[PDB]
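Here are two versions of the same chain, shown separately as structure tokens and labelled structure 1 and structure 2.
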Structure 1
């Protein structure tokens, strides 16, 4: 079983009997991918405990798994139990049930329905520059994740649950959300055979107290009246449960919160270490919005450079680090055989820094994304939101949301690196991609 990749002739780091290669994860997922890439080349295999994982690297082979053979063979992500009623959530859902849930949720993510939402999101822009200005008054350097955390939290909770929070007020609905996001898992990887053993017991990774509260909180709101567009949905190929509704709303918190605020801390870090880029971006804002005008959907999508800054940050810091897809059946793909059961992984972080596709990959250069160079960028090497039918269904919201907050904060302030800033940046050698040390900067009002 640990002889699968050898048998098939695929190089890979050698596994220990039960742990597979999980002890190599001590250096973080990113450096693990980078080293394997540089060492084993185009394709490599390893083991998360017992699970064969096959990393792939060819834009062609990637297109086949992420777009072409999506519905037929590479439909699902790694299973993860035990999840109870959350198996109804779109990111957890598998096969035809996922197909159905995805179809029912598209209409909720169109640009337009999103344009109809920028106002809701704009409220929280003010709230963010205020908290930011308050910390700037003090005269001391700012830990940005306090405010970007709060901002990301507020935008995501608002849009998914109705409630309109200024968290400031940090003991109503906020406290359940905090308790939901941050929760054994080491063990689950060694023994996926222990997952069925736990689901029988009704043991679930999402805490029942909170889910209940959240389940109630939507029943109340559904009565006293993304949430709306899902209500819209329940009136009219397929149906859509009340329990499935709340499940998508919880999932939106999980997907939108930490990714968004992480990206903002990174984006801010780079503008601060690259003053001529911050300068040019503020120059752009001041041209499209003459004197601190309210940001608009139609306005944002007219901002060339900003889109290049956001994209180049995601190139160097793709929060999900990898894309995964389970292989349903024996497949021959662009002249390579993949057996059923294997997890095919796309190493986004590593591919984003491959000297074959990017010149000087370590350096931050928004130019890569300029009108000139952009059309040679491979859409299967650059994947901060994944690709195909099972890509990030909230990609467009997230970009709009980040940009909104970027806009408001940037026209009002300016960012120098101070004393306690990390130079150069260290990355969280742990979970989802994050600065290893909270980003701290000097925030002067302009």
Structure 2
């Protein structure tokens, strides 16, 4: 038991119970716990996830020192998450140079020039979402944002990973959908993951038993699909899509994306860009619906830059600001990641405090984003916060929805754009208003994922 590392170092935090540590404080969730700790221990506090020392930091200087300055040196890797298998080669799970290699191979794929060429396909499904959303609205019943924005998200990373173009909302059985739909996020407060962190000696046992957190049935299916797709369709001789950009690169520093690595990167891109988007999109619509003044002002801004339901364009989106403000403000209130984690690879000292080796440095994003010491009425949805004549009053190391430094969200530009394209056409064709079932105020889940307690159902009316 390392339970006492923190007070020997003079770092405050909750009293750890043997073996369990401080996991029984996650009964409320990662978010509530972090904020209770932040108020009851000030800037720095240390807790034990089983027997893993976790040190929380809230100093913009120290966050920059961890996320940016000493990234490649000390704070490169994230914490091991469980039996991963071949998916160990996915950028998100990769560690040290092996990561640094992959990052460089993929850095181009997520360039504005590539994104701008992908807009046509993303916008195509903007219409598919609208046409789909139309029906349910006219039908005269409340709409499950979870389902429609889920189908939109799905039709995206799927379609920008080769031309398997699908209306998942109308094809709930397309195997390709059936499999990819299981690529949801991990509730790390689920008995299993909780059991794994108290008993990390089990991860090796599960690995030789060929048990993997990523459902094999899905992993294999794609591992076959990607291979058939990489040959059967495009070695007759291409479409602008992550896969193609990955196949194009393979055949021209460290390079040579292993056929299996390519699959792993593809799988992690839907894992990182499926429920993430579907969740944020729904959160925005709730905030817009609950604040009609914002929804109109946004609907107006769109109609101005795009006269008469004018097709959304790349350059056009960059212009729209109030939209960027609404998106950025919804992210402040709902940082889906909740926490930004880096492992201390060696014994180091940063701006004063000393960090032992093998300690997980945690940036409580949710807590920072809602810290009254940086935010006026933090529980208020005030887009104005992110005005051109205010943003310079926002520390980038406090507002970290996509993280920061060399290991930030590589698909940040894509995710923002992808959400913007939808919101624009969605608001262009419809208006969202509180329903009888609409839960106000919105109650967040006590689990290990930043989701609503009850699914967001709202009334959709087609303005003319």
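Positions refer to the first chain, counted from 1. The term rigid core refers to the maximal set of C-alpha atoms that superpose within 1.5 Å between the two forms.
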Rigid-core fit between structures 1 and 2, the member of 102, 280, 329, 208 whose C-alpha shifts 2 angstroms or more = 208
inquiry  = Once the core is aligned, does residue 249 move its Cα by at least 2 Å between structures 1 and 2?
reply    = no
message = Quick check: residue 149 between structures 1 and 2 - does its CA shift reach 2 Å or more after fitting the rigid core?
response = no
task = Return yes or no for residue 160: a CA shift of at least 2 Å between structures 1 and 2, with the rigid core superposed?
result = yes
inquiry  = Looking at residue 269, what is the CA displacement between structures 1 and 2 after core superposition, in angstrom?
reply    = 0.2
